[PDB]
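As structure tokens, one chain now follows by itself in the form deposited in one PDB entry.
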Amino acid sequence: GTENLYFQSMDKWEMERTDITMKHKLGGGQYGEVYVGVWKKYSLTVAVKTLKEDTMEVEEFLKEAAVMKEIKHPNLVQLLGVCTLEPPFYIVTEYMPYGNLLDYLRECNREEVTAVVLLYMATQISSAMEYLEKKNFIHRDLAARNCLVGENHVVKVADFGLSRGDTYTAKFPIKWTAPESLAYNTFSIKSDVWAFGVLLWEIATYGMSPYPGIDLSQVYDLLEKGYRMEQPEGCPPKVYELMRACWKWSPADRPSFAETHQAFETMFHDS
């Protein structure tokens, strides 16, 4: 009746493309076809992922829009709307003023990003992932470069979908990838836990490139023999213990994200 009369068509994520004044590409290519825009009615800066008229990735783009409508969490980047009627298609999210977590860690002032802030940042990411685990989703590409930073040290998990340097190779980011995913192409919430461990090492080292002093072609063999990255300088033993638990060889022995989020909470009680 009235609903159908007033909403004849589309869902209440759908927006008119002309609601957004597109400004300039974000990140010089590093996020793909992602632009900063202004959602005019709200004078609100937004990030807009687009897909032009001629590509092979329509289905994946539409599935991404579909997936994002089903998830909502304070530490997952917020969908604001979509344009899916005709190309070029849009997915519009909030804009995160401090950009991606890897670059933030590398470029930040460490008087401000003290130990407590690193813990807060790690805890928030583990909360996003607990929610994904609980809702039966897998991330598949968890890493500092896929997280975003907002005002007040708010961190959110994102997925820029950018398989296509030597981060991704024939396309997997080997250094973040669980053994079972490298050897068998098996991905699960447990392989996300592995990646979270590497992410935590990134946090602990303020954005160092993982496996320093190690050739990429040798990584799987080393992990299999039992090598794991060393405890970073200044890394609390409890944080390293959790890292090492995320890197257990067998996926079943790795903690859940619920357990991981519980561990970070316990570290705020203890110290």
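Position 1 is the first residue in the sequence shown; the rest follow in order. We call the rigid core whatever largest set of C-alpha positions still superposes within 1.5 Å between the two forms.
If you look for the form deposited in another entry, you will not find it shown, but the lines that follow are about it.
Core-superposed comparison between the shown form and the other one: among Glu180, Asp159, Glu130, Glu94, the single residue whose C-alpha moves by 2 Å or more is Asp159. Superposed on the core, the two forms differ at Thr55: its CA moves 2 Å or more between the shown form and the other one.
Figure legend: C-alpha atoms of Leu79 and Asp159, shown here, are separated by at least 3 angstroms less in that other deposited form.
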